[PDB]
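S.K.: Structure file coords-v6.csv (CSV, C-alpha atoms and all ligand atoms) right here:
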```csv
chain,number,residue,atom,x,y,z
A,33,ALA,CA,63.2,-66.1,18.1
A,34,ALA,CA,60.1,-63.9,18.0
A,35,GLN,CA,57.1,-65.9,17.1
A,36,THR,CA,53.5,-64.8,16.3
A,37,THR,CA,50.5,-67.1,16.6
A,38,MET,CA,47.4,-66.3,14.6
A,39,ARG,CA,44.0,-68.0,14.2
A,40,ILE,CA,42.1,-69.2,11.2
A,41,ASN,CA,38.6,-70.7,11.1
A,42,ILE,CA,36.0,-72.4,8.9
A,43,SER,CA,32.3,-73.3,9.2
A,44,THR,CA,32.9,-77.0,8.2
A,45,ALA,CA,34.6,-80.0,9.7
A,46,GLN,CA,38.3,-80.6,10.0
A,47,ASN,CA,37.6,-83.8,8.0
A,48,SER,CA,36.5,-81.9,4.9
A,49,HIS,CA,37.8,-80.1,1.8
A,50,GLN,CA,38.0,-76.9,3.8
A,51,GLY,CA,39.7,-78.6,6.8
A,52,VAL,CA,42.4,-79.8,4.4
A,53,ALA,CA,42.7,-76.2,3.1
A,54,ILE,CA,43.4,-74.6,6.4
A,55,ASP,CA,45.4,-77.4,7.9
A,56,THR,CA,47.6,-77.4,4.8
A,57,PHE,CA,47.9,-73.6,5.0
A,58,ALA,CA,48.9,-73.7,8.7
A,59,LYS,CA,51.5,-76.4,8.1
A,60,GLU,CA,53.0,-74.4,5.1
A,61,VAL,CA,53.0,-71.1,6.9
A,62,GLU,CA,55.0,-72.7,9.8
A,63,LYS,CA,57.4,-74.4,7.4
A,64,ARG,CA,57.9,-71.4,5.0
A,65,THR,CA,58.6,-68.9,7.9
A,66,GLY,CA,60.9,-71.3,9.8
A,67,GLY,CA,58.5,-71.3,12.8
A,68,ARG,CA,58.3,-67.6,13.2
A,69,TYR,CA,54.6,-67.7,12.4
A,70,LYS,CA,52.2,-70.3,13.6
A,71,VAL,CA,48.5,-70.6,12.7
A,72,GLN,CA,45.9,-72.2,15.1
A,73,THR,CA,43.0,-73.8,13.3
A,74,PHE,CA,39.4,-73.8,14.3
A,75,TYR,CA,36.5,-75.8,12.8
A,76,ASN,CA,32.7,-76.1,12.7
A,77,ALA,CA,32.1,-72.3,13.0
A,78,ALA,CA,34.2,-71.8,16.2
A,79,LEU,CA,35.0,-68.1,16.1
A,80,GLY,CA,31.8,-67.6,13.9
A,81,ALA,CA,30.2,-69.0,10.8
A,82,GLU,CA,31.2,-67.4,7.5
A,83,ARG,CA,29.6,-63.9,7.5
A,84,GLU,CA,30.6,-63.3,11.1
A,85,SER,CA,34.1,-64.6,10.4
A,86,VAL,CA,34.7,-62.4,7.3
A,87,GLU,CA,33.5,-59.4,9.5
A,88,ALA,CA,35.8,-60.5,12.3
A,89,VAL,CA,38.8,-60.6,10.0
A,90,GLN,CA,37.9,-57.1,8.7
A,91,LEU,CA,37.6,-55.9,12.3
A,92,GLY,CA,40.8,-57.7,13.3
A,93,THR,CA,39.3,-59.6,16.2
A,94,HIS,CA,41.0,-62.6,14.7
A,95,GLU,CA,43.5,-62.7,11.9
A,96,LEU,CA,42.4,-65.1,9.1
A,97,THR,CA,39.4,-67.0,7.7
A,98,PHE,CA,38.6,-69.4,4.9
A,99,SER,CA,35.2,-68.8,3.5
A,100,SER,CA,33.1,-69.6,0.5
A,101,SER,CA,32.1,-66.7,-1.7
A,102,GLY,CA,28.6,-66.9,-0.2
A,103,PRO,CA,28.6,-63.9,2.2
A,104,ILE,CA,31.4,-62.0,0.4
A,105,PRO,CA,29.1,-59.6,-1.5
A,106,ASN,CA,28.1,-58.0,1.8
A,107,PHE,CA,31.8,-56.8,2.0
A,108,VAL,CA,33.1,-56.8,-1.6
A,109,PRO,CA,30.4,-56.4,-4.2
A,110,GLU,CA,32.6,-57.2,-7.2
A,111,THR,CA,32.6,-61.0,-6.6
A,112,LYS,CA,28.8,-61.4,-7.3
A,113,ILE,CA,29.4,-62.3,-10.9
A,114,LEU,CA,31.0,-65.6,-9.8
A,115,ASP,CA,27.7,-66.6,-8.1
A,116,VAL,CA,25.7,-66.6,-11.4
A,117,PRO,CA,24.0,-69.9,-12.1
A,118,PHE,CA,25.4,-72.1,-14.9
A,119,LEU,CA,28.3,-69.7,-15.6
A,120,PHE,CA,31.1,-72.2,-15.4
A,121,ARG,CA,31.2,-75.4,-17.5
A,122,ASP,CA,33.1,-77.5,-15.1
A,123,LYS,CA,35.7,-77.3,-12.3
A,124,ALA,CA,38.7,-76.9,-14.7
A,125,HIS,CA,37.0,-73.8,-16.3
A,126,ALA,CA,36.2,-72.2,-12.9
A,127,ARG,CA,39.7,-72.9,-11.5
A,128,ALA,CA,41.4,-71.6,-14.6
A,129,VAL,CA,39.3,-68.4,-14.4
A,130,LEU,CA,40.1,-67.8,-10.8
A,131,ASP,CA,43.8,-68.6,-11.0
A,132,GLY,CA,44.3,-66.5,-14.0
A,133,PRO,CA,44.0,-62.7,-14.7
A,134,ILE,CA,40.2,-62.6,-14.2
A,135,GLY,CA,40.5,-64.0,-10.7
A,136,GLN,CA,43.6,-62.0,-9.9
A,137,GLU,CA,41.7,-58.8,-10.7
A,138,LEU,CA,38.9,-59.8,-8.3
A,139,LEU,CA,41.5,-60.4,-5.5
A,140,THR,CA,42.6,-56.8,-5.8
A,141,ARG,CA,39.0,-55.7,-5.0
A,142,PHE,CA,39.6,-56.9,-1.4
A,143,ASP,CA,42.4,-54.4,-0.7
A,144,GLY,CA,40.1,-51.3,-0.4
A,145,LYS,CA,37.8,-53.2,2.0
A,146,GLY,CA,40.4,-54.1,4.5
A,147,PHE,CA,41.5,-57.5,3.5
A,148,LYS,CA,44.4,-59.2,1.9
A,149,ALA,CA,42.8,-62.0,-0.2
A,150,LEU,CA,45.7,-64.4,-0.3
A,151,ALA,CA,44.4,-66.9,-2.8
A,152,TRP,CA,41.3,-68.3,-4.4
A,153,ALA,CA,40.3,-71.9,-3.4
A,154,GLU,CA,37.2,-74.0,-3.8
A,155,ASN,CA,34.0,-75.0,-2.2
A,156,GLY,CA,32.5,-76.8,-5.2
A,157,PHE,CA,29.5,-77.0,-7.5
A,158,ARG,CA,26.3,-76.8,-5.4
A,159,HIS,CA,23.4,-79.3,-5.5
A,160,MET,CA,19.8,-79.2,-4.2
A,161,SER,CA,18.8,-81.5,-1.3
A,162,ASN,CA,15.5,-81.7,0.5
A,163,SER,CA,13.2,-83.8,2.7
A,164,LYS,CA,10.0,-83.6,0.7
A,165,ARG,CA,10.4,-85.1,-2.7
A,166,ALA,CA,12.8,-86.2,-5.4
A,167,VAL,CA,13.7,-83.4,-7.8
A,168,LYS,CA,13.9,-84.7,-11.4
A,169,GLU,CA,12.9,-81.6,-13.3
A,170,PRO,CA,12.9,-77.8,-12.4
A,171,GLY,CA,9.2,-77.7,-11.7
A,172,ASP,CA,9.8,-80.1,-8.7
A,173,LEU,CA,11.6,-77.2,-7.0
A,174,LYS,CA,8.5,-74.9,-7.0
A,175,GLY,CA,7.3,-74.2,-3.5
A,176,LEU,CA,10.2,-75.9,-1.6
A,177,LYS,CA,11.3,-74.0,1.4
A,178,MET,CA,15.1,-73.9,1.0
A,179,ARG,CA,17.9,-72.4,3.2
A,180,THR,CA,20.3,-70.3,1.2
A,181,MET,CA,23.5,-68.5,2.0
A,182,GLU,CA,23.5,-64.8,2.7
A,183,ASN,CA,24.0,-64.1,-1.0
A,184,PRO,CA,21.8,-61.8,-3.1
A,185,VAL,CA,22.6,-63.6,-6.4
A,186,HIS,CA,21.7,-67.0,-5.1
A,187,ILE,CA,18.5,-65.7,-3.5
A,188,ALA,CA,17.3,-64.0,-6.7
A,189,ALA,CA,18.3,-67.1,-8.8
A,190,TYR,CA,16.5,-69.6,-6.6
A,191,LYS,CA,13.3,-67.5,-6.5
A,192,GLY,CA,13.5,-68.1,-10.3
A,193,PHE,CA,12.8,-71.8,-9.6
A,194,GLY,CA,9.8,-70.8,-7.4
A,195,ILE,CA,11.8,-71.7,-4.3
A,196,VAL,CA,10.8,-70.0,-1.0
A,197,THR,CA,14.2,-68.8,0.3
A,198,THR,CA,15.5,-68.3,3.8
A,199,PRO,CA,19.1,-67.1,4.2
A,200,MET,CA,20.9,-68.6,7.2
A,201,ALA,CA,24.4,-68.9,8.6
A,202,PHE,CA,25.8,-72.4,8.1
A,203,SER,CA,25.9,-73.1,11.8
A,204,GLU,CA,22.1,-73.1,11.9
A,205,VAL,CA,21.5,-75.4,9.0
A,206,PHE,CA,21.8,-79.0,10.4
A,207,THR,CA,19.2,-78.2,13.1
A,208,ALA,CA,16.9,-76.4,10.7
A,209,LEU,CA,16.9,-79.4,8.4
A,210,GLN,CA,16.4,-81.8,11.3
A,211,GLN,CA,13.5,-79.8,12.7
A,212,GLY,CA,11.8,-79.2,9.3
A,213,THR,CA,11.9,-75.4,9.5
A,214,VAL,CA,13.0,-75.6,5.8
A,215,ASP,CA,12.6,-78.6,3.5
A,216,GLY,CA,16.1,-78.4,2.2
A,217,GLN,CA,19.3,-76.6,1.3
A,218,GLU,CA,22.0,-76.6,-1.4
A,219,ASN,CA,25.8,-77.3,-1.2
A,220,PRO,CA,28.6,-79.2,-2.8
A,221,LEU,CA,29.1,-82.9,-2.2
A,222,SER,CA,32.1,-82.0,-0.1
A,223,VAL,CA,29.8,-80.3,2.4
A,224,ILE,CA,26.9,-82.6,2.2
A,225,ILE,CA,29.1,-85.6,3.1
A,226,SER,CA,31.2,-83.9,5.7
A,227,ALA,CA,28.2,-82.3,7.4
A,228,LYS,CA,26.3,-85.7,7.3
A,229,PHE,CA,23.3,-84.1,5.7
A,230,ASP,CA,22.3,-87.6,4.7
A,231,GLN,CA,21.0,-87.9,8.3
A,232,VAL,CA,18.5,-85.1,7.8
A,233,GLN,CA,17.8,-85.1,4.0
A,234,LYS,CA,16.3,-88.0,2.0
A,235,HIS,CA,16.7,-86.5,-1.4
A,236,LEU,CA,19.6,-85.0,-3.4
A,237,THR,CA,19.8,-84.0,-7.1
A,238,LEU,CA,23.1,-83.1,-8.8
A,239,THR,CA,21.8,-79.8,-10.2
A,240,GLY,CA,25.3,-78.3,-10.1
A,241,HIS,CA,23.4,-75.0,-10.4
A,242,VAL,CA,26.2,-72.6,-9.2
A,243,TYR,CA,29.9,-72.9,-8.7
A,244,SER,CA,31.0,-72.0,-5.1
A,245,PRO,CA,34.5,-70.5,-4.9
A,246,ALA,CA,36.3,-70.0,-1.6
A,247,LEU,CA,39.0,-67.7,-0.3
A,248,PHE,CA,41.8,-67.3,2.2
A,249,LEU,CA,41.3,-63.9,3.8
A,250,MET,CA,43.6,-62.0,6.1
A,251,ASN,CA,43.2,-58.7,8.0
A,252,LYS,CA,44.9,-56.1,5.7
A,253,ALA,CA,46.7,-54.2,8.5
A,254,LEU,CA,48.3,-57.4,9.8
A,255,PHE,CA,49.3,-58.6,6.3
A,256,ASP,CA,50.9,-55.2,5.5
A,257,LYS,CA,53.0,-55.4,8.7
A,258,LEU,CA,54.5,-58.8,7.8
A,259,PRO,CA,58.0,-58.6,6.4
A,260,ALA,CA,58.0,-58.9,2.6
A,261,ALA,CA,59.4,-62.4,2.6
A,262,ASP,CA,56.7,-63.5,5.0
A,263,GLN,CA,54.0,-61.8,2.9
A,264,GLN,CA,55.2,-64.0,0.1
A,265,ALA,CA,55.2,-67.1,2.4
A,266,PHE,CA,51.6,-66.5,3.4
A,267,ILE,CA,50.5,-66.2,-0.2
A,268,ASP,CA,52.3,-69.3,-1.2
A,269,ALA,CA,51.0,-71.2,1.8
A,270,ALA,CA,47.5,-70.3,0.7
A,271,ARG,CA,48.1,-71.4,-2.8
A,272,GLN,CA,49.3,-74.8,-1.5
A,273,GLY,CA,46.2,-74.9,0.7
A,274,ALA,CA,44.1,-74.3,-2.4
A,275,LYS,CA,45.9,-77.1,-4.3
A,276,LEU,CA,45.2,-79.8,-1.6
A,277,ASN,CA,41.7,-78.3,-1.1
A,278,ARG,CA,40.8,-78.8,-4.8
A,279,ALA,CA,42.3,-82.4,-4.8
A,280,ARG,CA,39.9,-83.3,-1.9
A,281,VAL,CA,37.0,-81.8,-3.7
A,282,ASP,CA,37.9,-84.0,-6.7
A,283,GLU,CA,38.0,-87.1,-4.4
A,284,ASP,CA,34.7,-86.2,-2.8
A,285,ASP,CA,33.0,-85.6,-6.1
A,286,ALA,CA,34.3,-88.9,-7.5
A,287,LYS,CA,33.1,-91.1,-4.6
A,288,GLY,CA,30.3,-89.0,-3.2
A,289,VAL,CA,27.2,-90.4,-5.0
A,290,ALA,CA,28.0,-94.0,-4.0
A,291,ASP,CA,28.9,-92.8,-0.5
A,292,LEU,CA,25.6,-91.0,0.0
A,293,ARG,CA,23.5,-93.8,-1.6
A,294,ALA,CA,25.1,-96.2,0.8
A,295,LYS,CA,24.0,-93.9,3.6
A,296,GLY,CA,20.4,-94.0,2.5
A,297,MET,CA,20.0,-90.9,0.3
A,298,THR,CA,18.1,-91.0,-3.0
A,299,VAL,CA,20.5,-89.3,-5.3
A,300,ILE,CA,19.3,-88.2,-8.7
A,301,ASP,CA,22.5,-87.8,-10.8
A,302,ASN,CA,20.9,-88.1,-14.3
A,303,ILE,CA,19.0,-84.9,-15.1
A,304,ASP,CA,18.5,-82.6,-18.2
A,305,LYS,CA,20.6,-79.6,-17.3
A,306,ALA,CA,19.4,-77.6,-20.3
A,307,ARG,CA,15.9,-77.7,-18.8
A,308,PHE,CA,17.1,-76.1,-15.5
A,309,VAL,CA,19.0,-73.4,-17.5
A,310,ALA,CA,15.9,-72.7,-19.5
A,311,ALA,CA,13.8,-72.3,-16.4
A,312,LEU,CA,16.0,-69.5,-15.1
A,313,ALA,CA,15.7,-67.4,-18.4
A,314,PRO,CA,14.0,-64.4,-16.9
A,315,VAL,CA,16.5,-64.1,-14.0
A,316,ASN,CA,19.4,-65.0,-16.4
A,317,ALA,CA,18.3,-62.0,-18.5
A,318,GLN,CA,18.5,-59.7,-15.4
A,319,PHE,CA,22.0,-60.9,-14.4
A,320,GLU,CA,23.1,-60.2,-18.0
A,321,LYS,CA,21.9,-56.6,-17.7
A,322,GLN,CA,23.4,-56.4,-14.2
A,323,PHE,CA,27.0,-57.6,-15.0
A,324,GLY,CA,27.0,-56.8,-18.7
A,325,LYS,CA,27.7,-58.9,-21.7
A,326,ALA,CA,31.4,-58.1,-21.8
A,327,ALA,CA,32.2,-59.4,-18.3
A,328,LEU,CA,30.0,-62.5,-18.6
A,329,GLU,CA,31.5,-63.4,-22.1
A,330,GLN,CA,35.0,-62.8,-20.7
A,331,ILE,CA,34.4,-65.5,-18.2
A,332,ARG,CA,32.4,-67.9,-20.5
A,333,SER,CA,35.0,-67.7,-23.3
A,334,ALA,CA,37.9,-68.5,-20.9
A,335,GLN,CA,39.9,-71.6,-21.6
B,1,LIG,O1,26.5,-73.4,2.7
B,1,LIG,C1,27.3,-72.7,3.2
B,1,LIG,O2,27.1,-71.8,4.0
B,1,LIG,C2,28.8,-72.9,2.7
B,1,LIG,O3,28.8,-73.7,1.5
B,1,LIG,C3,29.6,-73.5,3.8
B,1,LIG,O4,29.8,-72.6,5.0
B,1,LIG,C4,31.0,-73.9,3.3
B,1,LIG,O5,31.7,-72.8,2.7
```
Can you dump the structure from the file as structure tokens?
M.R.:
Amino acid sequence: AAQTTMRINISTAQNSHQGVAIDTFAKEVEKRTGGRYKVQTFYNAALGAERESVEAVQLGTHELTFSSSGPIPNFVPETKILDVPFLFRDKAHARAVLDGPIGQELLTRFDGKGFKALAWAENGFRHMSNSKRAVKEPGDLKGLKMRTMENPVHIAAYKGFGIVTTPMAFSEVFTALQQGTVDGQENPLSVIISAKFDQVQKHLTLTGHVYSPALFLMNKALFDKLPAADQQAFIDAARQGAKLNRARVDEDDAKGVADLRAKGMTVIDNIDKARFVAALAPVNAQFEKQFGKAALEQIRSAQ
């Protein structure tokens, strides 16, 4: 029987929340299509880091990618609202928003930019790490040189803390931290652990300053050529991928502080979040003007 082999990649390790996502997706696609579609999985930025990969999928040089929302505004501007600091109360809030009508509407914004966005998934809440000093209050961030993703909302937000930002593809981060080009970076525990950033970062604070969604993306032309039953199979495979992805994030978050302490990191997990929110007031006010009160309240009031 005719079979098609496609490729999907991530910037992170096979042994991570995102590796679980794409391995689960590949297994489900094969099962739900009775072997007529197979998906080869690639890790650690093989086939490109996130921005390059989203571009590649748009071009069609490979078929699929799983990416955080970080580089997405370079392609689909509507997702920026999700990247606002301190927008989501907790993972349940974020997941409910993305799975429900608000997130579905955002998926439709990908169609006109040459993707099928199969499903929302999760990277996690992001936390600040660095080599220089323990961060116990927002003032401790001032002057730190921090790598960021290629995301305009994060860059503006972190400048609000007095951080000196440098956007970089994820594939360059470990080496930049090791060499001291930047003092630090920010990422969920799922990434910090799987990327072994404990080896090149002494300090971590659970600032939880933004929620980082992720997405399964497919080249639109390729998706549209799938038979209808197979389109449905790919969507359902992605949703199952998101389920196991989120479960792994939950496990990582539950055990991660003890794990990273055992590995030698000084992890500050007791901070006054209100103080960090207050520090961003000027930039918060700009985001409120940018996205509008209705859209931000629509998300904040979701339950
Ligand atoms: O820091 C980043 O670039 C991302 O969190 C990473 O590629 C996983 O999605």
S.K.: If the limit is 10 Å from any atom of ligand LIG 1 (chain B), counting all atoms listed in the file, which residues qualify? Return them as a ChimeraX atom specification.
M.R.: /A:42-45,48-50,76-77,81-83,98-103,154-158,179-183,199-205,217-224,227,244-247
S.K.: In Å, with one decimal, what is the gap from CA of residue 190 in chain A to CA of residue 122 in chain A?
M.R.: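 Value for the CA of residue 190 in chain A-CA of residue 122 in chain A distance: 20.3 Å.
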S.K.: Separation of CA of residue 70 in chain A and CA of residue 152 in chain A, in Å?
M.R.: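 That distance, rounded to one decimal, is 21.1 Å.
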S.K.: Smallest atom-to-atom distance to residue 120 in chain A: which of A:242, A:261, A:187, A:327, using only C-alpha atoms?
M.R.: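 With only C-alpha atoms as the atom set, the closest residue is A:242.
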S.K.: Counting only C-alpha atoms, figure out which residue out of A:334, A:306, A:312, A:328 gets nearest to residue 119 in chain A.
M.R.: A:328
S.K.: Hey, what's within 9 Å of residue 47 in chain A if we count only C-alpha atoms and toss same-chain stuff fewer than 4 positions away? As a ChimeraX atom specification, please?
M.R.: /A:51-52,226
S.K.: Just give me the gap between CA of residue 87 in chain A and CA of residue 68 in chain A in Å, one decimal is fine.
M.R.: 26.4 Å
S.K.: Nearest residue to residue 248 in chain A out of A:168, A:307, A:295, A:148, using only C-alpha atoms?
M.R.: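 Counting only C-alpha atoms, the residue closest to residue 248 in chain A is A:148.
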S.K.: Here is a test: counting all atoms listed in the file, which residue of A:313, A:185, A:289, A:149 is nearest to residue 251 in chain A?
M.R.: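 Ranking A:313, A:185, A:289, A:149 by distance to residue 251 in chain A, first place goes to A:149.
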S.K.: Would you list the residues near (25.9, -88.9, 5.1) (no more than 12 Å away, in the coordinates of the file, using only C-alpha atoms) as a list in words?
M.R.: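 Residues with an atom close enough to that point: residues 206, 221, 222, 223, 224, 225, 226, 227, 228, 229, 230, 231, 232, 233, 234, 235, 236, 288, 289, 290, 291, 292, 293, 294, 295, 296, 297, 298 and 299 of chain A.
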S.K.: When distances are computed from only C-alpha atoms, which of A:177, A:252, A:186, A:325 shows the smallest separation from residue 198 in chain A?
M.R.: A:177
S.K.: Restricting the calculation to all atoms listed in the file: of A:241, A:94, A:287, A:145, which residue gets closest to residue 304 in chain A?
M.R.: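 Using all atoms listed in the file, residue 304 in chain A sits closest to A:241.
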S.K.: Tell me, as JSON, numbers by chain, which residues lie within 12 Å of residue 309 in chain A, counting all atoms listed in the file; anything in the same chain fewer than 4 positions away does not count.
M.R.: {"A": [116, 117, 118, 119, 169, 170, 189, 190, 192, 193, 239, 240, 241, 242, 303, 304, 305, 313, 314, 315, 316, 317]}
S.K.: Place a sphere of radius 12 Å on (55.7, -60.3, 8.1) in the file coordinates and name every protein, DNA or RNA residue with an atom inside or on its surface, counting all atoms listed in the file; give the answer as a list in words.
M.R.: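 Checking each residue against the 12 Å limit leaves residues 34, 35, 36, 61, 64, 65, 68, 69, 70, 252, 253, 254, 255, 256, 257, 258, 259, 260, 261, 262, 263, 264, 265, 266 and 267 of chain A.
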